[PDB]
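Notes follow the structure.
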Amino acid sequence: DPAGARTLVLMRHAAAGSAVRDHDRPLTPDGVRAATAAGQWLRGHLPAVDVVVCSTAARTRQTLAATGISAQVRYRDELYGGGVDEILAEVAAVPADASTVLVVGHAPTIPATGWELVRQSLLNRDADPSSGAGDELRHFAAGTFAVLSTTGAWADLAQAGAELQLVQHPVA
């Protein structure tokens, strides 16, 4: 039945400064360091990212740039303030044979998305409904990412859910 797991990385952009338009706010120097560290970790520890879905905001674009990940990128205004359902609709639309997908977006939606996927996966696995699975997402500062795994096709992610593997917190 399953035939391999797909890897989903849900990232909140790194720390950003001030600008006269919110969408133009740049990373701070500490946010650049945090995004750089996150990229180094991702490229050293996970399969190469195949597809990135990224908010059009400067800070999300810049976070991606700082990671050093070269992949096909889908920039989406839907990720600039979209909710869980919008983020999942965009993940569902990626090339189906992608093995590893990175999402670079904003809180609160990014951690909420992870949490919903975890709870759906619990349900599908007939887990104990008092399970604390997903509680690691309770801290999700700028630059954090969660790594999840699913056996479902990308299109089916909302129904299939995903299991949380790790949450990597910013180190700068």
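Lettering and numbering for the structure tokens are positional, with chains as A, B, ... in the shown order, residues counted from 1 in each chain, and ligands counted from 1 in the shown order.
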Find the nearest atom pair between each residue of region 103-151 of chain A and region 13-16 of chain A for residues within 10 Å, count only C-alpha atoms, give distances in Å to one decimal, sort rows by chain and ascending number, and present the table as a Markdown table.
| residue | atom | partner | partner_atom | distance |
| --- | --- | --- | --- | --- |
| A:103 | CA | A:13 | CA | 9.7 |
| A:104 | CA | A:13 | CA | 6.2 |
| A:105 | CA | A:13 | CA | 5.9 |
| A:106 | CA | A:13 | CA | 6.3 |
| A:107 | CA | A:13 | CA | 8.5 |
| A:110 | CA | A:13 | CA | 9.6 |
| A:141 | CA | A:14 | CA | 8.2 |
| A:142 | CA | A:14 | CA | 4.5 |
| A:143 | CA | A:14 | CA | 3.9 |
| A:144 | CA | A:13 | CA | 7.6 |
| A:145 | CA | A:13 | CA | 8.9 |
Who sits within 10 Å of residue 47 (chain A), only C-alpha atoms, same chain under 3 positions skipped, as a list in words: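 So the residues in contact are residues 7, 42, 43, 44, 50, 99, 100 and 101 of chain A.
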Test item, strand (DSSP E) assignment across region 71-168 of chain A, answer as a list in words: residues 72, 73, 74, 75, 76, 100, 101, 102, 103, 104, 105, 145, 146, 147, 148, 149, 150, 163, 164, 165, 166, 167 and 168 of chain A
Atom pair CA of residue 168 (chain A) / CA of residue 124 (chain A): separation (Å):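 Pair CA of residue 168 (chain A) / CA of residue 124 (chain A) returns 25.4 Å.
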Contacts of region 130-140 of chain A at 9 Å (only C-alpha atoms; same-chain gap of 2+ positions) as a PyMOL selection string: chain A and resi 12+107-108+110-112+114-119+122+127-128+142-146+163-164+166-167+169
